[PDB]
Amino acid sequence: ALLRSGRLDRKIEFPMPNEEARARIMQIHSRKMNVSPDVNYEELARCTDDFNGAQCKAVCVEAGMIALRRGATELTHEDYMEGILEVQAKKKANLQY
Amino acid sequence: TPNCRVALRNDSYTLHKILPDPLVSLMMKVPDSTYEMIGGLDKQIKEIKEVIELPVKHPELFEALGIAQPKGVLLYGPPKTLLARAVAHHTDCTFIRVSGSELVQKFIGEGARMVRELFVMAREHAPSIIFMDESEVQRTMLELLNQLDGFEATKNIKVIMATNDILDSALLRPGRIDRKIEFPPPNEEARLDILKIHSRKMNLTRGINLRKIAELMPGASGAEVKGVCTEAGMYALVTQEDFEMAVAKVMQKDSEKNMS
Amino acid sequence: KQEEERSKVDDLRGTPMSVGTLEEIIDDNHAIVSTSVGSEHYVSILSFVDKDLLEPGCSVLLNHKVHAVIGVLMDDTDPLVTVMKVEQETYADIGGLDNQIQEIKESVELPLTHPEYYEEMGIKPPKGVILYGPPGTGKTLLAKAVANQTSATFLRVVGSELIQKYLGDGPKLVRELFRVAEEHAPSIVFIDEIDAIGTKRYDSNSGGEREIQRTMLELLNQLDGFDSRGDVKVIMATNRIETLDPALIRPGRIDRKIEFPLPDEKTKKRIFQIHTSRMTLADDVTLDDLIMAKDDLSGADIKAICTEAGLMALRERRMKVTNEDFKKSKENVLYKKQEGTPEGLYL
Amino acid sequence: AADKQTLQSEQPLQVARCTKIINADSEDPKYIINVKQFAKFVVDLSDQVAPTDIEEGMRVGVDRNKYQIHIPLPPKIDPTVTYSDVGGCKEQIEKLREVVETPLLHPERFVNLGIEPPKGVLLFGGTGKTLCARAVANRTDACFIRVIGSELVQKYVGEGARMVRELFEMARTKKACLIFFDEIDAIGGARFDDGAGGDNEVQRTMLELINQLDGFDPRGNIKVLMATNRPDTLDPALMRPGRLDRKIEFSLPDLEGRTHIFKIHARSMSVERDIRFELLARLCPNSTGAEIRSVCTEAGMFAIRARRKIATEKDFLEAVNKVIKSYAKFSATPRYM
Amino acid sequence: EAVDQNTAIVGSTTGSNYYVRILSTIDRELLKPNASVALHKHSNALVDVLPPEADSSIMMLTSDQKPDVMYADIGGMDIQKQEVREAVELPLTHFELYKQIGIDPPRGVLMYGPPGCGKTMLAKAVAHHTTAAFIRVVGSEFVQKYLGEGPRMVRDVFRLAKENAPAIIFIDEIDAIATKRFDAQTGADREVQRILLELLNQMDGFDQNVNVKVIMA
Ligand SMILES: Nc1ncnc2c1ncn2[C@@H]1O[C@H](COP(=O)(O)OP(=O)(O)OP(O)(O)=S)[C@@H](O)[C@H]1O
Ligand SMILES: Nc1ncnc2c1ncn2[C@@H]1O[C@H](COP(=O)(O)OP(=O)(O)OP(O)(O)=S)[C@@H](O)[C@H]1O
Ligand SMILES: Nc1ncnc2c1ncn2[C@@H]1O[C@H](COP(=O)(O)OP(=O)(O)OP(O)(O)=S)[C@@H](O)[C@H]1O
């Protein structure tokens, strides 16, 4: 009763950013915040496959705050890889037997 | 005197005189009949005496004791109104079935702000009955805790409720009502006496066994003999067969064996 | 002279002297009053008669024509002074908690009377205890016995005594009783059956969602919030545990909590001899049978049972009380009691 | 009779009832008013007033007959709003330290980095939402102003927003401030709307907050903290790196923060030094610091019963019997090994 | 309440009870009830008191609400048809046939109409052949917001009923109204309270000369 023909006509999906759409969103996060240009977003996007925006947004913010840890003025692909290789919203493990 | 509605003018509010609101709304009356239709259910009447006339008849016998008088008996049980009204009616002076019970949301609380105004009346009207039925409830319960603790005109007056008990069980504390007396329905002896009673005035086909009628009543609720008389007369419109068919209409369901 | 000064102070007054609650201390010889319907102008306030003695939110004398502040209200009294402003001690019949007495002692009197320990061991006095259980087992009874067993003038405050539907009369009684607790003495403001927020309503009362809600807000802000304890013992005991707002379940508001079972055989015989003493006992009757059968005697059955047993007997004017009279007394008192199987079916 | 005739001489004026405002129109202000409770009044003021000193949501003076606005007053005034622990729940400490000090101290780790200075926290959690703010008070500078969202549950329209401006500008006067809003669970994170016509002072107040917190003279040398027990009901307006941008959380520490708080409250009172805590720590299954503080209180109760000065681990043993067995819930553990 | 000669405290309907004087010529034995007094606006000077007021919103409908029906016209309910016919139309007017067997003065009765019935139709047939002060109502009209609305409704109904003539009146709603299940503390605490209270207190056991034999179905 909610989608037939006059209420919500079109129903198009939001596919997961495929491989470099993720990196696109990521550099959208990774543009204003000053970056050391030695950052190839290709490796980043590749080494974290099936990674939705939020994760990538959490990746770039993590990298920003990582360069903030040392107090840097730039963003190194090291910190970018750190965000890529962060918890990625994955845990933990125990690992318990 | 304090708390006195007196003569005042909206003109300049210079108090003028002193005047002495809903008294009669509760204070307003059944001079009923006798026990002629009770016939064997008289032990409960004896208890009525023991617990009601004791706050009435001889205060000099338990004030000599020195211990407080009773307030409530919870004259509950199988639904009692009729005879519980008509019996101490014979006193015709203390039976004041004010009872506040009809208007649950208007006469009670919202006008019985503190029912002590009615307690005031009782202090003027020691011959007055207090029937009752079902936090306003708990509020008036606190009012009871203040009053009926051996403290009234006749010190206990008549502070009783009756129903037929799963409300707020706070009242169930005996310190709020002493006795708790169900109404055992009439049985073979009582049922037969009331059989002769309810068959008294109707010009029946006289000379008829009423014992089998009393028995066919499995502890009928008192006036059911009258109703069977009504069912009988209707068939005749009174032989024993009349009352037989009367109970047959009355008693059927119970029916439907094949489950023994 | 002085008589002329008083005559002039009366000249300032209008014959119909309305009443209006002050809103705020604004002392340009005019205030912002609030009469029974809230007449809030910049009405003058009589200067010589004390204009600033009364606080905001306090009743004052008001005019009719301009509703000017006529003066400080008369000495008003709440209907609970005789119960609160108090003009049986430890135990007249020892045979109950025999312990919660001592614990409420250590929680109320010992802190209040000798508060030289909370700096002796870096501690804090118990700002609140709750005591609860069945409808009469030793909760409020202990408080009643603690009222006499103390070096201070205890105060009795029925939890429902604070239920008056007048505008702010809830907060008004809070203010009054608290000005007492703080500006009368170190007192014992005992308030019982305070669990009245949960599952019922009244006919002699308006919508409590917006009538006693701000009332309870005032009461809470007063007791254990702002204008804090100091040494103001106002402890809140109860009967239930459930229906309450957890805005105070958290500590600070009230710290400790205590329950009440029903008394045991050792205490059953105790309160028996306490109550069975009120009658020339036919010693052939078996208290222990009553004690084990009625093994859950909160404290009302014992009293009621023995009083009604005396009534049963002295109906016949007998001195002794045969066992059957005790049976009848208790079973009248003890309705709806079936403790057999289950269980009922063992040993 | 020191002034018994001046009061009879002030008489020439009797005007300006309470007369609260509602809103205002255009092409002329036409402020809208209710006097006390009677009705809505789209008034036109007495032109001898200011077209803006009658800010809607104020009890202003207003004619008794024509209801034109007159000399106002807010007789509702200010009385409405009420650290060695540095190192607690471990991970929380670093993120808190960064978000507080690094913008307050070095806008270089981010500005030059282009990232923004972490200036907000979405905290969720016996966790210690205040104790963290106080460990920050050790570090912000020396400023700590408690404003609990519970007291912030007020029933006057704009009075909440007015307190918003009050606190926001009192903070901007000082520096390195702390403003601790809690019970945002009770305040609300998702913009629940009901036709009850009730909790909308929260609406205007929170939009005013959005306006005045960060951006439009941001907190800067000030920390205004709104946090929850749970990030359950968020809003796309709060995840902004300008408003709250750390999202720390903590819960029951295992035993180490536990033992630490044990010792904290111990030295905070007359205790025996020869006692240990890891033993007591094992005793502690799951508890907040206040519960533990309650253990300390019960030890004090024993030391009030018996004349103790250095509260011994036997006093604490009885206190543990209480808190964890006689207060674990009631007593219902024993009679089976 | 009255204080002195032709002067009484009298409840208002405006919002302020007053203690006013009355026209003395009024029979002194008529100012006892809270009946429909009448006074001047400003003077509030009692001129006279009126017995009736505030009808029960159906007031028997007073015209020819009689569906103009005879016995067999009902859609086939011969059991109830005969029963109601000879046990109502004769007993509703009689004094001696019941007494010719001392039967009793009668009281309420009951019907129940399932699918493919007409139990209500029988009621309307009798409503035709009845020719006295019968008022029709529905118990559903007793459930509102404030206190005792429907309770006071049925109360004043009883009053005006025993007042006009103890002949006949009927109401038609039983389900979700006459609810024996007093036992659920979830919904209709005061609502079902006042509902079933009015029901039983108006049962009165009975009243034996009023509103003879309301039915429901
Ligand atoms: N020292 C005692 N210990 C325990 N019980 C006692 C003691 N002394 C007397 N009692 C009994 O305990 C009862 C005390 O009941 P209360 O708690 O005062 O009743 P209550 O406070 O009205 O209860 P509620 O919840 O308000 S209905 C009395 O009826 C005594 O018989
Ligand atoms: N992590 C901690 N470090 C030091 N003291 C603590 C800690 N946790 C609790 N306490 C102490 O125990 C008491 C508990 O108070 P709070 O932690 O403020 O209570 P709370 O209910 O957790 O507060 P909220 O709801 O999170 S604002 C405080 O008075 C502290 O002194
Ligand atoms: N034989 C019929 N001829 C015409 N209409 C009929 C007939 N029987 C029933 N009806 C309709 O049903 C109504 C009267 O019958 P009722 O006794 O009220 O029915 P019922 O037993 O209440 O069944 P419900 O209420 O519809 S489930 C009238 O409004 C008619 O329209």
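Numbering starts at 1 and runs along the chain as it is shown here.
Placed from the backbone N, Cα and C atoms, the Cβ positions cover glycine too.
According to Swiss-Prot, the feature ATP binding site maps to E:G113, E:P114, E:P115, E:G116, E:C117, E:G118, E:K119, E:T120. Sequence-distant neighbours of E:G116 (ATP binding site) (same chain, 6+ residues apart, CB-CB distance under 8 A): none.
Annotation: E:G118 carries the greatest number of neighbouring Cβ atoms among the binding-site residues E:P115, E:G118 [cut-off 10 Å, Cβ to Cβ].
Excluding E:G113, E:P114, E:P115, E:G116, E:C117, E:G118, E:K119, E:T120, which define the ATP site, the same chain contributes E:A217 within 8 Å (Cβ to the Cβ centroid), listed in sequence order. Every protein chain considered, the tally of other Cβ atoms within 10 Å of the Cβ of E:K119 (ATP binding site) stands at 18. Reduced to three states, the DSSP call for E:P114 (ATP binding site) is coil. Cβ contacts within 10 Å of E:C117 (ATP binding site), excluding its own Cβ and spanning all protein chains shown: 16. With respect to ligand 3, the binding-site residues E:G113, E:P114, E:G116, E:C117, E:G118 contribute E:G113, E:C117, E:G118 as residues with a C-beta closer than 6 angstroms to one of its atoms, given in sequence order. For E:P114 (ATP binding site), the number of other Cβ atoms no farther than 10 Å from its own Cβ, over all displayed protein chains, is 7. The Cβ neighbour count for E:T120 (ATP binding site), using a 10 Å radius over every protein chain in view, is 14. Around E:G113 (ATP binding site), the same-chain residues six or more apart in sequence whose CB sits under 8 Å from its CB are E:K119, E:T120, E:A217, listed in sequence order.
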